[PDB]
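Written out below as structure tokens is the structure these notes cover.
Note on naming: letters A, B, ... go to the chains in the order of the sequence lines (proteins, then strands), and numbering restarts at 1 for each one. All values below come from the heavy atoms of this structure, side chains included, with hydrogens, waters and symmetry mates left out. Order of appearance sets the numbers: ligands from 1, and atoms from 1 within every ligand.
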Amino acid sequence: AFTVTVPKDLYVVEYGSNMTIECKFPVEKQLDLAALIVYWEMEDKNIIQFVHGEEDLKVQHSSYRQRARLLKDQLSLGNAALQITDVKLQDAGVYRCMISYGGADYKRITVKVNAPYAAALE
Amino acid sequence: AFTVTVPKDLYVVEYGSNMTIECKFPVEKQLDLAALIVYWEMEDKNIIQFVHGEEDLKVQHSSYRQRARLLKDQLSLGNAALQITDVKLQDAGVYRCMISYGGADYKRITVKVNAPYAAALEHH
Ligand SMILES: Cc1c(COc2ccc(CN3CCCC[C@@H]3C(=O)O)cc2Br)cccc1-c1ccccc1
């Protein structure tokens, strides 16, 4: 039975650092990327749309331009891992990874950003 | 390209009534039940899961208990509509119809609920 699992449904991270958030899906043999769809989003806001072997960078929310990537080697292990670099306060909230690979499921991940006083300022 | 489509991405409904919320996907010649997943949910609460060829209520949020149906019958025709009965004020918000069938897509629908003062005065 196809499910997506997260080893951590919550991450606490420091402002400016990098994070990698992970969804696991079953891969028993050679990854068939023609059958694989990985979608990552924070709102509403798209971060990854990986259909049949490539990103659709076209549709990615501006706020994730070049700070966000899916580690494609990790995919072969059944690990859709989104790495975000240079973490901002705006990156805090609910993420969703949706994966389809002979089955379909998704999981929710919550990200908290701790920041020093200097950084938090409106 | 695989796309889920919604005729109406806004519904307005009266407290106490039933509502049917439409969502459509393309079928080829035959529906392969085994490759169709449908999830309906609202604000990250599962309303319904259709996996394999069965309605699956395993993660159903209690709020929706016994008030939600998707018609197996109509899946053949590319129709994945959700039927909510006895609409509450707490049913208002953003719904998502998520569908894997060969490809994968989801679309959002906003639901507004009108109610009279007695019902609004839930309140508490
Ligand atoms: C819904 C889903 C997906 C959905 O993937 C997509 C969702 C939307 C979209 C649409 N996308 C949105 C941003 C703008 C560009 C583009 C468009 O509108 O043409 C693409 C994918 Br892939 C992927 C993997 C699994 C599931 C799934 C399906 C059923 C149950 C559990 C998960």
The one among A:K58, A:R96, A:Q49, A:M98 that brings a heavy atom closest to atom 26 (C) of ligand 1: A:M98
Minimum side-chain heavy-atom gap B:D91-B:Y64 below 4.5 Å: yes
Atom 3 (C) of ligand 1: the protein heavy-atom neighbour that sits closest, reported with distance to 0.1 Å: B:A104 CB, 3.7 Å
Any A:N46 heavy atom less than 4.0 Å from ligand 1: no
Protein residue, atom and distance nearest to atom 6 (C) of ligand 1, heavy-atom basis: A:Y39 CD1, 3.4 Å
Nearest-option assignment for atom 1 (C) of ligand 1, heavy atoms, candidates B:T3, B:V4, B:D105: B:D105
Atom 17 (C) of ligand 1 touched by protein (heavy atom, under 4.0 Å): no
Within-4.5 Å side-chain heavy-atom neighbours: A:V111 and A:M42: no
Subset of ligand 1 atoms that lie under 4.0 Å from at least one heavy atom of A:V51: 22 (Br)
Pairwise side-chain contact, B:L77 with B:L31, heavy-atom cut-off 4.5 Å (strictly under): no
Test: B:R96 and A:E41 ion pair at under 4.0 Å: yes
Close side-chain approach of B:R67 to B:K88, heavy-atom, < 4.5 Å: yes
A:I109 side chain reached by A:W40 side chain, heavy atoms, under 4.5 Å: yes
Nearest candidate to atom 14 (C) of ligand 1, where distance is taken over non-hydrogen atoms, out of A:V59, B:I99, B:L36, A:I99: A:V59
Distance flag for atom 11 (N) of ligand 1, protein heavy atom under 4.0 Å: yes
Close side-chain approach of A:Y101 and A:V27, heavy atoms under 4.5 Å: yes
